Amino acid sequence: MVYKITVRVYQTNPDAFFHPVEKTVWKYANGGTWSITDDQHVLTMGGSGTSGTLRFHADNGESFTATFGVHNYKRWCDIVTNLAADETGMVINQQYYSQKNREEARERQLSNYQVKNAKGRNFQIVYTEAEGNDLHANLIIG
């Protein structure tokens, strides 16, 4: 069965403005699509076992990735900050299926995750619909 993750982005801090610069879809489970409906980022996936990554950039230089997926039928998420110039969204997304620390994050099947970058800015994902096939998450930028 298809899994869908609908993402709403909340920017709370006027000291920066982030915008999406990359949207990737991993190749497992017949892939999927990132679309937009009413300013929400919708990731539609062919079944359980894949994910997609949104990369955001602020004009002040800050950036991060937010990755959303389903692993053994349960949602997961992760945020990577302090990105190198050669860590594009497609690099990060693939690492969830090759790099140990990323694979472990996926395997945790988190309904919520937060992390701060080197400047102390908080980034959080919270699934407000956290079970079943029609999943909804807030991405909250501090």
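In this text, residue numbers run from 1 along the sequence as written.
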| property | result |
| --- | --- |
| Segment of higher mean CA temperature factor, 30-38 or 64-72 | 30-38 |
| Residue range whose averaged C-alpha B-factor is higher in the record, 41-49 or 99-107 | 99-107 |
| Top Cα B factor in the deposited entry, candidates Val9, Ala130, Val25, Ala16 | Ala16 |
| Ranked C-alpha temperature factor of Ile5 among modelled chain residues, by third | lowest |
| Record-listed C-alpha B factor of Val91: chain third | middle |
| Third of the chain's Cα B-factor distribution that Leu54 belongs to, per the entry | lowest |
| Third assignment of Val80 from its chain's C-alpha B-factors | middle |
| Chain-relative CA temperature factor third for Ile125 | middle |
